[PDB]
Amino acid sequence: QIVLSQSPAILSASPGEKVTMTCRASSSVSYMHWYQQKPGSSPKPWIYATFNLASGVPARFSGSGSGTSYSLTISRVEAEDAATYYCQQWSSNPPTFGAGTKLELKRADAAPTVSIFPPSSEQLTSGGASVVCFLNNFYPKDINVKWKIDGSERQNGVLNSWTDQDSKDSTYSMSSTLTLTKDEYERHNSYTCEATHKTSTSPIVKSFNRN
């Protein structure tokens, strides 16, 4: 097994910048192929054999190297380049790939559209109760979320899932999901998804009542 070492693992970059990502083999190699992968699709061939760009790829991209050091090079980044990039060799058997380099993109620091929602009408009558909150179109990616029941944070039943970076604008989105039983849902009144982002300082609260 030839061990290909991609570095950096993450590469944030504003639209306009020339940005490069590295790939490093254990034993020597003749040439290195590269692949782009957007989320929810198989990786497409991007550069064939060090230098030669594949069919349909923008000429803004570029590639180079020798022996063990190889390097994909963008001349000017765009929001459509927001993808994970993989280097691969088949100059010694078995063929091997790198871990990956996730190109993120920068943007003007936008705040989310927060919107708390109650549990569904059906979920209650034969099961527990799941209180929900969405945070759509924001940047940067880290965003703290607190679930306060009667001025008291629950913490245990919360699951937190982020989206991939959107290919059009370059924002992120999140869906926080608080979980309870139908009994302990009916023991409390206040339900708030307080969200702490770098845009405000003071948190974006979003509450309801059930009277």
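Start at 1 and count along the sequence shown; that's the residue number.
In this entry, the higher average B-factor at the C-alpha atoms falls on 195-203, of the pair 195-203 and 21-29.
When the C-alpha B-factors of 84-92 and 69-77 are averaged, 69-77 comes out higher.
Among all modelled residues in this chain, the alpha-carbon of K146 has a temperature factor (C-alpha) in the middle third.
In this PDB entry, the Cα temperature factor of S62 sits in the bottom third of its chain's modelled residues, the lowest group. When the modelled residues of the chain are ordered by their C-alpha B factor, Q1 lands in the middle third. Ranked against the other modelled residues of its chain, the C-alpha B-factor of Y185 as given in the entry falls in the highest third. Sorting the modelled residues of the chain by their CA temperature factor places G127 in the highest third.
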